[PDB]
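Counting neighbours? That spans all protein chains shown, and the Cβs are built from the backbone with ideal geometry, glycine included. Read the figures in this text as sums done on the coordinates, not as results from a lab.
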Amino acid sequence: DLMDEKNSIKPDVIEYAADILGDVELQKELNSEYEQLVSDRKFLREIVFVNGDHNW
Amino acid sequence: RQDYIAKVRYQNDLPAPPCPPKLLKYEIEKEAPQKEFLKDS
Amino acid sequence: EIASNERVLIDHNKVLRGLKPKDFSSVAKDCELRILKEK
Amino acid sequence: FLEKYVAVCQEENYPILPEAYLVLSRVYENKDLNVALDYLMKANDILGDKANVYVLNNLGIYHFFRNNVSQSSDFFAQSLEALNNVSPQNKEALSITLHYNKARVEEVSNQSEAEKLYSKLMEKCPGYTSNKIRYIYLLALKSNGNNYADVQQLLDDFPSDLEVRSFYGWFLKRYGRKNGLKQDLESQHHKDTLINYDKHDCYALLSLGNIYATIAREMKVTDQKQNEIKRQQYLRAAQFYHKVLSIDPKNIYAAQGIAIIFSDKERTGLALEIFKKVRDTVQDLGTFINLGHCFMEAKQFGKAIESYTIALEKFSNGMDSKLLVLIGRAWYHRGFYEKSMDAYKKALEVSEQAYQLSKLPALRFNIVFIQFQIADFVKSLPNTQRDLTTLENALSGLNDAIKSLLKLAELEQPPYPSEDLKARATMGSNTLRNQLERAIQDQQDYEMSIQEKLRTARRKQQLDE
Amino acid sequence: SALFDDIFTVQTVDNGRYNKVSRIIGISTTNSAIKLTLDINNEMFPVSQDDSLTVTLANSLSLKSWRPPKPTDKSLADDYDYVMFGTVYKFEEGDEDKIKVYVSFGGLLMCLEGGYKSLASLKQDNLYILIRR
């Protein structure tokens, strides 16, 4: 989350932490990534591996 | 040089003499009792 | 008689040793080579 | 041979002679106090009711050296009880010895009973020296060295006694300036002791070395000749220490003096090694303070802070102002060389605590200097590396520091000339004060821009949703 | 030269499965909350409970193929009774002031718990541990 400060990337790990908060296009990109991850989770959990086995 | 005020003095002062309690020599620490004990039959 | 019977556990020079003595012979050698022999 | 005899007797089931145990304990006195005490206990168990006064006294002394106060006291009580069975010829001498030991145990526990028994024995035997030495030493502790006449009289009584001379020299080193005596008087006394009584006494040699080092340190340096004379005095002190080491290489104080001389000679590594070895050997307040000083000279400010903290906690118990001053100086050095604000905050808090403990002009100036450095560093910091709260605290500290600088300039004998104090206060108020306000305004603008971006993003997100 | 220095008192000595290796646990006398778990060789540096050990950690012994030390040269190890050399395989930057350093001296393991200020300099690839008693 690039809007809430305490739910963002830690500032000591990135050089550019100053000009990250408040950006909306980068938040759009991150939201697309997270939606892709959620879709992958749903696809794996409801179709492929119903019993939840994750070591393949 | 107007800066922090601090004084450095190394401490190597010798302590006062302890004057500890003195041990008491055994009876076998004296020459005559040693002679009497060794010369026993 | 008191002096004859009196015994002291640790010596005047050895009082700094006590129950745990340590050696500064290397320290003495370095002092001789770097203070008395200092140039 | 004694161990072989013990083993053979045990194999033969024959009564082991307790005299072998006493001899073994006597030998182990200089090697292992634990084994000697164990052998003495075995001999006492063999004796049973045949325990003598000497065995009980030595057991009590062993437990006293082991800091077994209860067991040492019990053994001394048993020795005093058995004193009733002593032969009349040696009864007086053994009673004097046991009373002296009990007085020593009291001096460990309670000095009043120790002084009472000291008076009792002194009336019983005025010729004894250790009793008089301890009694006069306790009186000097109670009287803050106001019995110099007693010390001089005791020195006159036993001019050949090394213990009396050493105690007199210690009292001189403690209160020479209080008594207004000659600076070299103790030097002449120790020189006479060495030349005419014993030239291998490490106590007088160390005292002379310390005196010579003090003379060299106080000597003003103007040219090569004066520095060479100072080096010659340090060389005399070093020769004293080297003779002490030749007498005994296990002398911590000789190495400590060597390290101090090296510190005067800027041989920091050797002094650091010596101080580390000394700390490994013995742990007192002076060792920790010297370690902190060396770390400050070695630019290891964190280790200096640790050493000063340990010194404060272990011995001074947070009461001495000088250790707090050293901690504040070390924190300021860390903050200056490492550009750390938290070091400045801790130094400021330590200085404030020390001042509230003392309220002296020196600590007032220290607080002012810390606040000025804090304001300068905060102004030098970028906006992204600071916040409004630090700016406000720095500004308030700057105002208070200017007021205290004026207060110091109004004093009689300020630590620094009043003209310098007023000039520094004026310089801080003229430019630094306005730069602080400019930094505050820039920080406020930066925060406002951040909040504007944060409030603008959410509206567009809601519009998209 | 030396990156860490302290004095430890041995609380527990565990022989356990092995014969030549002992686990010792110690806490610093000058500063609690500093722990030392260590493997040592019993036959070379035997220790007992409640002993006092001077532990020093250095990144070099000065004052690539190993060679037997000449008697003429002098190094930092001349002052100690037990010197080991190992690799740091974990530097746990844990909680506010809880730092753990794991060092393996060829399979003999050491863990050092302490504050950040004391163990900040111990972020090295390899460390010597020097033990005196």
**Item:** Residues that are more than 7 Å from chain D (Cβ to nearest Cβ) and part of a helix (DSSP H, G or I), drawn from the stretch C:15-29
**Value:** C:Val15, C:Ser26, C:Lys29
**Request:** Among the numbered conditions (1) touching a helix residue (DSSP H, G or I) at 6+ places or on another chain (Cβ under 8 Å); (2) assigned to a helix (DSSP H, G or I), tell me where D:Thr214 comes up short.
**Result:** (1)
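Taking the stretch C:14-36, which residues are farther than 18 Å from D:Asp32 by Cα and either touching a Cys at 6+ places or on another chain (Cβ under 8 Å) or of a type outside the set (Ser, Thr, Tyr) (or both)?
C:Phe24, C:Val27, C:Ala28, C:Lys29, C:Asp30, C:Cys31, C:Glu32, C:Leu33, C:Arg34, C:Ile35, C:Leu36
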**Asked** under 18 Å from D:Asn90 (Cβ atoms), buried (at least 16 other Cβ atoms within 10 Å of the Cβ) and touching a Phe, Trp or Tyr at 6+ places or on another chain (Cβ under 6 Å), is that true of B:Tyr26?
**Response** yes
**Prompt:** Hey, any hits in the stretch D:66-75 for a residue that's under 17 Å from B:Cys19 (Cα atoms) and more than 11 Å from chain B (Cβ to nearest Cβ)?
**Reply:** yes
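I'd like the residue in the stretch E:1-50 that is among the aliphatic types (A, V, I, L, M) and within 23 Å of D:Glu313 (Cα to Cα) and, out of all such residues, is surrounded by the fewest Cβ atoms within 10 Å (Cβ to Cβ).
Result: E:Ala33.
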**Fill in**
Subset of the stretch E:54-73, residues surrounded by 12 or more Cβ atoms within 10 Å (Cβ to Cβ) and assigned to a loop (DSSP other than H, G, I, E, B), comes to E:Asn59, E:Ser60, E:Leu61, E:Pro69
**Item:** From the options D:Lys42, D:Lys31, D:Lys91, D:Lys102, residue that is of a type in the set (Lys, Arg) and not in a helix (DSSP H, G or I)
**Value:** D:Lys31
**Prompt:** Is it true that some residue in the stretch D:107-118 is among the polar types (S, T, N, Q) and assigned to a loop (DSSP other than H, G, I, E, B)?
**Reply:** yes
**Request:** Please find, among D:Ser87, D:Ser109, the residue that is within 14 Å of chain B (Cβ to nearest Cβ) and more than 28 Å from the chain's Cα centre (by Cα).
**Result:** D:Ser87
**Request:** Determine the pairs where a residue that is within 11 Å of chain B (Cβ to nearest Cβ), located within the stretch D:289-301, has a partner that is β-branched (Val, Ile, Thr) and part of a helix (DSSP H, G or I) with Cβ atoms under 7 Å apart, the partner being 6 or more residues away or on another chain.
**Result:** D:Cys294/D:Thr268; D:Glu297/D:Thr268
**Prompt:** Regarding D:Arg134, is this residue within 12 Å of chain B (Cβ to nearest Cβ), over 19 Å from D:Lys173 (Cβ atoms) and part of a helix (DSSP H, G or I)?
**Reply:** no
**Sole exception among (1) closer than 25 Å to C:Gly18 by Cα; (2) part of a helix (DSSP H, G or I); (3) more than 14 Å from chain B (Cβ to nearest Cβ) for D:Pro249, by number** = (2)
**Item:** Verdict on D:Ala401 being surrounded by 16 or more Cβ atoms within 10 Å (Cβ to Cβ), over 30 Å from A:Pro11 (Cα atoms), touching a helix residue (DSSP H, G or I) at 6+ places or on another chain (Cβ under 9 Å) and among the small types (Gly, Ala, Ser)
**Value:** yes
**Asked** What number goes with the only condition from (1) more than 10 Å from chain B (Cβ to nearest Cβ); (2) under 29 Å from B:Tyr26 (Cβ atoms) that D:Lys191 does not pass?
**Response** (2)
**Asked** Looking only at the stretch A:18-37, which residues are outside any loop (DSSP other than H, G, I, E, B) and within 13 Å of another protein chain (Cβ to nearest Cβ)?
**Response** A:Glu25, A:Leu26, A:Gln27, A:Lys28, A:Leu30, A:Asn31, A:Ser32
**Message:** Here's a check for you: in the stretch D:231-246, which residue that is polar (S, T, N, Q) and within 9 Å of another protein chain (Cβ to nearest Cβ) is surrounded by the most Cβ atoms within 10 Å (Cβ to Cβ)?
**Reply:** D:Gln239
**Item:** the stretch C:1-14, residues that are more than 19 Å from the chain's Cα centre (by Cα) and facing another protein chain (nearest Cβ under 7 Å)
**Value:** C:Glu1, C:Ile2, C:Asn5, C:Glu6, C:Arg7
**Asked** When both residues are 6+ apart or on different chains and their Cβ atoms are under 8 Å apart, which pairs have a first residue that lies in the stretch D:394-414 and is outside any helix (DSSP H, G or I), and a second that is surrounded by 14 or more Cβ atoms within 10 Å (Cβ to Cβ) and of a type outside the set (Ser, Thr, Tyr)?
**Response** D:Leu411/D:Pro361; D:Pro414/D:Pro361; D:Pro414/D:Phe365; D:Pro414/D:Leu408; D:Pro414/D:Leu421
**Request:** Could you look through the stretch D:447-465, keep only residues that are among the basic types (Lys, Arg) and within 8 Å of another protein chain (Cβ to nearest Cβ), and pick out the one that is nearest to D:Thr389 (Cα to Cα)?
**Result:** D:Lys453
**Request:** Take the stretch D:78-88 and flag every residue that is exposed (fewer than 15 other Cβ atoms within 10 Å of the Cβ) and part of a helix (DSSP H, G or I).
**Result:** D:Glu81, D:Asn84, D:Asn85, D:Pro88
**Prompt:** Restricting the first residue to the stretch D:166-185 and requiring it to be within 14 Å of chain B (Cβ to nearest Cβ), which pairs with a second residue that is in a helix (DSSP H, G or I) and surrounded by 12 or more Cβ atoms within 10 Å (Cβ to Cβ) meet a Cβ separation below 6 Å and a spacing of at least six or different chains?
**Reply:** D:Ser166/D:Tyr203; D:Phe167/D:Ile133; D:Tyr168/D:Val151; D:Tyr168/D:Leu155; D:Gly169/D:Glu186; D:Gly169/D:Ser207; D:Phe171/D:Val151; D:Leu172/D:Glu186
